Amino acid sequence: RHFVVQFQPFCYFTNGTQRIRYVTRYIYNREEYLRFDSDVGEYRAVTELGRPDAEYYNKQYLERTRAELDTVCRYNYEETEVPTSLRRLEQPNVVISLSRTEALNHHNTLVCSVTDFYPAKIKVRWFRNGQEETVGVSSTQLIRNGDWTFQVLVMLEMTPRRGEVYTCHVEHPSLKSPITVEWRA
């Protein structure tokens, strides 16, 4: 009925353009069969479907492929990413909310919603009256919105009591000074 092919090229960067590992996969439906790995510097077959192509690619364009690790990868990074993806900054929005309606000694749950930031690097911490809550905190995995922004929700198990001040602390590369959002009984 349906048949597909896939060509997935990957420029793996590490510490800038230092440990660049250029790879290139060849897929049929949902199965890889051929590959160019910068680490092995040569083509190799992953499954039977690849034997028939091995030697052919190495003879036809290996000099061209190795070449791209610098004319594509390294170049793109230092020439196109540096001023776009690596520069892009989106400050997170931090809001605090309570799962249940307010009360004076009923156990509820504070939720610190940290949204729309980029890059993914972020640090969120809960504080009660000034000290780091290290008991009933939990959080969602980092969520990728698919639009070049991330979000994360950090929950705190607690019980509202007058005079108490809870603070959500957040540090991000987009921020000159951390963000703190308070919530009070």
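Heads up: residue numbers just count along the shown sequence, starting at 1.
**Q** May I ask whether residue 74 is missing from the deposited models in at least a third of the other compared entries?
**A** No; none of the other entries leave residue 74 out.
**Q** Do a third or more of the other compared entries leave residue 90 out of the model?
**A** Across the other compared entries, residue 90 is absent from none.
**Q** May I ask you to compare 127 to 135 and 148 to 156 by their mean CA B factor in the entry and name the higher one?
**A** Result of the comparison: 127 to 135.
**Q** Should the higher mean CA B-factor in the entry be assigned to 137 to 145 or to 23 to 31?
**A** Taking the mean B-factor of the alpha carbons in each, 23 to 31 is higher.
**Q** Highest CA temperature factor in the entry: which of 85, 105, 91, 113?
**A** Among 85, 105, 91, 113, the PDB entry lists the largest C-alpha B-factor for 105.
**Q** Where does the C-alpha B-factor of residue 117 rank in its chain, lowest, middle or highest third?
**A** Lowest third, going by the recorded CA B-factors of the chain.
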